[PDB]
C-alpha cells in the first residue's frame with residue numbers, strides 16, 4: 001500500500017543598521033563588543049573537521065559610528081539564516 | 001529560509017568574509033574544495049579576499065597548510081580584518097614535497113601534487129577484553 | 001490517549017530531509033539511513049528502521065506525521 005509523508009515546522013534618519021554575513025561562525029565563537037562608539041565583532045572558528053580538509057578562521061571587523069550615536073541604544077541579533085545585524089530600535 | 005528550509009531570497013545590504021564548500025564525497029581512503037583523482041591530487045580555494053603576499057603555503061609533513069591573515073582595510077562597510085588556516089590531508093601515495101600552487105587574477109589558489117611516492121598499505125582488527 | 005493511537009520516536013539523531021515512513025498494509029514503517037555526519041570526535045554513519053504494528057481498528061489512510069524542532073516525530077492514526 002501507498003507511502004505516508006511527514007509534515008510540521010513553521011534606515012535613512014533616526015536609525016542606524018549594520019547587517020553582516022556570519023557564515024558557519026557559531027554564536028559561541030562570534031562576539032559583538034561596543035567600545036566608545038565603533039561597532040566591533042569577531043568570528044574566530046576553531047580548527048574543525050570541515051568535511052574535505054580541517055579548517056580554521058578569524059574575522060574581526062570594526063564599523064565606525066556616525067558621530068551622534070551612543071553604544072547602549074544599539075541592540076544586535078544573529079538570525080538563524082546566518083545574517084547578524086547590529087541596529088538601534 | 002524557513003524551518004523546513006523553504007527559502008525566500010534576500011540581499012539588499014552589505015556582507016562579511018568567508019565562503020561555501022564545493023562538491024565532495026566521504027568513506028574514501030585519502031581522508032571551494034578538493035578534486036584528487038587517480039594519479040593527480042589537485043585542490044582549489046577562494047583566496048580572493050587576500051593579497052598574494054598575505055598568502056603562505058607550507059607542507060608540514062603530509063599536510064598542505066594554506067595560511068592567510070590580512071589586517072584591517074577599507075572594504076565597503078568599514079575596517080575589516082580576516083584570517084584562515086585551511087589544511088588538506090594528502091594520501092600516503094602523494095609526495096609531501098613537489099607541490100605546485102597557482103594564484104589566479106580572480107583570486108583563486110589552484111594547488112596540485114602528483115601521486116607516486118610510497119606503497120600505501122593498511123587493515124587490522126582488535127578483540128574486546130570484557 | 002483513547003480514540004487515536006500515537007507512537008513517539010525521537011528522530012533528533014537524524015535530519016528532517018532524510019526522513020521516510022511508508023504505510024504498506026496494516027503495519028506502519030519508519031526508515032531513516034543517514035550519510036556520514038561531521039560530528040566532534042569523528043565521522044559517524046547511522047541507519048534505523050522501526051516498524052510500528054498499527055491495530056486493525058486503525059486505518060491506513062489519514063495517518064498524520066509531525067516532528068517538533070526538539071526532534072520528536074509523532075506517528076498518529078485515528079481508530080475507526
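Reported count of residues in segment C:19-53, each being within 11 Å of another protein chain (Cβ to nearest Cβ) and either within 13 Å of the chain's Cα centre (by Cα) or under 23 Å from residue B:5 (Cα atoms) (or both), is 16.
Filtered by the rule that a residue be within 12 Å of chain B (Cβ to nearest Cβ) and more than 19 Å from the chain's Cα centre (by Cα), segment A:6-38 gives A:6, A:7, A:8, A:9, A:10.
Of the strands (runs of 3 or more DSSP E) entirely within segment B:30-130, those holding at least 2 residues that are loosely packed, with under 12 Cβ neighbours inside 10 Å occupy B:56-60. Only residues that are more than 11 Å from chain B (Cβ to nearest Cβ), within 26 Å of residue B:85 (Cα to Cα) and more than 10 Å from the chain's Cα centre (by Cα) were counted in segment A:49-89, giving 0. Could you check, for segment C:56-71, whether at least one of its residues is over 25 Å from residue A:1 (Cα atoms) and either facing chain A (nearest Cβ under 8 Å) or touching a strand residue (DSSP E or B) at 6+ places or on another chain (Cβ under 8 Å) (or both)? Within segment C:56-71 (the criterion being over 25 Å from residue A:1 (Cα atoms) and either facing chain A (nearest Cβ under 8 Å) or touching a strand residue (DSSP E or B) at 6+ places or on another chain (Cβ under 8 Å) (or both)), the answer is yes, since at least one residue qualifies.
Any read-out appearing in this document is the output of simple, stated calculations on the displayed coordinates, not a laboratory observation. All Cβ positions, even for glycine, are placed from backbone atoms using ideal geometry, and neighbour counts span all protein chains on display.
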